[PDB]
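What follows is a single chain, given as structure tokens, in the form deposited in one PDB entry.
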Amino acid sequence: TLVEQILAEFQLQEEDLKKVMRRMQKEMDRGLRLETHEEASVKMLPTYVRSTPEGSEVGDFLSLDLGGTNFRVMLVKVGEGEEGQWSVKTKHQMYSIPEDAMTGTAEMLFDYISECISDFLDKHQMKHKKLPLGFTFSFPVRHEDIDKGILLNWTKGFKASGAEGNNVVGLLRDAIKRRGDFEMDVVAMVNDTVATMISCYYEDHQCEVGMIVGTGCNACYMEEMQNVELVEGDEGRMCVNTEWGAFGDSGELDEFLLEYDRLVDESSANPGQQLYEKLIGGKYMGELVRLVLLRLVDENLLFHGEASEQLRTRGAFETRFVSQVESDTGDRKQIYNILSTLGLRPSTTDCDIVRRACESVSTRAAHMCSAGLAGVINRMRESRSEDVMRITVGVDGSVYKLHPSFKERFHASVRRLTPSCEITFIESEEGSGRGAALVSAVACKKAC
């Protein structure tokens, strides 16, 4: 019966979440203040995207989406909307990064990206058009401005020599010149959390928070300028990229971490970093599951103590498997097919145990995540007057969007933790592309 008590290790009581939430708030304040911003696990990075935008330019914009291996190039059209700009994706193409240039230097990487941009401009007879480019770039960047900032480090298993520490917008502009054909006017670079927030903002002006729960996990929110000590000026408001994925990197999370968490971290491309993200993100969820499964087969609780060759190979339990397992109608068919595909022959109870393990991980993910969002929303509550703070959160990510019950658990948990708040959740259409374009269109009012 060792089973349910092994899975019980994943539970988090209310008071646990509240604790995580209050710590998250502590680290966010720490990241915003000059004296601690340098050492803070939660970097709270200024994005230079500011409030009261208008006016905005209109017309076609080119949008780049890297974060990464399968990155997108698309063409967004922005125009004078009702109380802001409308926008829409009119053309698009995905490109797979070759694991070769992916491993090669940064200039190799951005060369391949420059090519793909030409590939795209050809296919659509735009090669000669010279457009403003919005760059969605889903990694930690310390910005000097909206069109300048350096890669702090790669996340999410990404890596490519000689990129960290360099101006990312700089690398791209270079690679474009090392091509000859087109001239792209690189206007804005934004985190995906930000682009998503921006997309949703024109749908709902109360949306002041952007959140991604896919491969990785992160959020952004509108801060009061006087709180952004790393940008000068107490007047106005600026979006901040928390990069909360790194929360826990100074040990804020030690009392919650499980063996499976330590295994996942140690064997990761970035051991010691992004620990909070590794509790939630789809880069890691399936693998947590795999490790739990293996621990069960070792206590002879599962598959009759016999793991298959595949189940023993790192990364074999894809996050989408977790999501299919929890979609099982209860005829175990879905669960059987996955497990079989992994070289296993599950009994009826094997399947039910595996479903249990999936629910335990994805439920912990949903709650861990709800603590951070609640921490952000409750921080923002401090700066609002009305009795009930009504606020909208824009969200994107496969885990949040596609996993059968993650979002329900998440919503309920966030609400428990955020009294005197009315939270509305919006999912973003093409939040990355249209988000980057919308921001470019406003940034163009000063550089175009």
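Just count from 1 along the sequence shown to find any residue number. Just so we're on the same page, rigid core means the largest C-alpha set that superposes within 1.5 Å between forms.
- In the record comparison, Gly84 is unmodelled in at least a third of the other entries of this protein that model the residues flanking it.
- Checked against the record, the higher mean CA B factor of 155 to 163 and 344 to 352 lies with 155 to 163.
- Between 123 to 131 and 273 to 281, the higher mean Cα B-factor belongs to 123 to 131.
- In this entry, the residue among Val58, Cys421, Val395, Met44 with the greatest C-alpha B factor is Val58.
- Comparing C-alpha B-factors across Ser370, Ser250, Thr136, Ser96 in the deposited entry, the largest value falls on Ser96.
- For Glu408, the recorded CA temperature factor ranks within the lowest third of the chain's modelled residues.
- In the deposited entry, the Cα temperature factor of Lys401 sits in the bottom third of values across the chain's modelled residues.
- When the modelled residues of the chain are ordered by C-alpha B-factor, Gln226 sits in the middle third.
- The PDB entry assigns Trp244 a C-alpha temperature factor belonging to the lowest third of its chain's modelled residues.
- In the deposited entry, the Cα temperature factor of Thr105 sits in the top third of values across the chain's modelled residues.
Just so it is clear, the following notes concern the form deposited in another entry, a form of the same protein that is not shown.
- Among the residues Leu253, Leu151, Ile377, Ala101, the single one whose Cα moves by at least 2 Å between this form and the one not shown, once the core is superposed, is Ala101.
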